[PDB]
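Take a look at this one chain, the form deposited in one PDB entry, written out in structure tokens.
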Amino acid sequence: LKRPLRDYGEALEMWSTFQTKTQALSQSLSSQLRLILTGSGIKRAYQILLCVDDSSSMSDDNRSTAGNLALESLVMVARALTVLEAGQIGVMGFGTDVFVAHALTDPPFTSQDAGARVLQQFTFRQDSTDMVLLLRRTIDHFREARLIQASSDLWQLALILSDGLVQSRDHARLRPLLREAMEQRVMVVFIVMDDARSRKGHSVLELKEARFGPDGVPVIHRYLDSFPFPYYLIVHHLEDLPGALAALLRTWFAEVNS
């Protein structure tokens, strides 16, 4: 029953193409993160999970394929973090299931083969987007990593690359899981894929929400009004990502350092 995989030739050409496209962006992100992170500790190492949405909403071309933008972003971020040599980098996929595409202990993203084997596993066809399961599994993964670490403190970070679309009733369901992550000092940052080439009316910033009162009069809200992740950034262009992710982490560390 194993998941359908891209051709390896396709995945290798994607990795190589995306690496070329993003090389200057990764350099800018690495430079900024080194200053942010290689202060405030790194005697500290990190563990970072890049969590990529594998659901079929990422294939909608009314939203200019968020999945394209997510895999470009994945290559950019994985390469920027690899040159820092500050800790371990893993990759999770999620949709109806949650899977480990690349373990924290797997080879580093210094080889095309390692990156290509990751891209092979993302096809953007899963029939649901189970963010509650993602958070439960990510918390449990990082908690096992802590227990392993004691028995033998890391800074543990999850970056979620996703179009950010779940049923609005799930926003309330995600809040207790985010509290549980925060209690365990797991930092969760959401990277919303919202390609500028989305058709008019179909951007995440344009998505509306109908609430019907007792009288039956509909009151209009905006989808992100209740978005439960306190730390996120919206990417409309691949080039947006380094400046925005660095600014978010720089500001958070400025505040936690007081």
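Each residue number is its position in the shown sequence, starting from 1. We call the rigid core the largest set of C-alpha positions that still match within 1.5 Å between the two forms.
Just so you know, the form deposited in another entry exists too; it's not on screen, but the next bit is about it.
Original post:
Which residue moves between this form and the one not shown, judged by a Cα shift of 2 Å or more on the rigid core: 56, 30, 68, 198?
Top reply: The one that moves 2 Å or more is 198.
Original post:
Relative to what is shown, are the Cα atoms of residue 62 and residue 93 closer or farther apart in the other entry, where the gap shifts by 3 Å or more?
Top reply: It is closer: the C-alpha separation of residue 62 and residue 93 falls by at least 3 Å in the other entry.
Subject >> Cα-Cα trend for residue 133 and residue 62, given that in the other entry the distance shifts by 3 Å or more >> reply: Closer in the other entry, by 3 Å or more.
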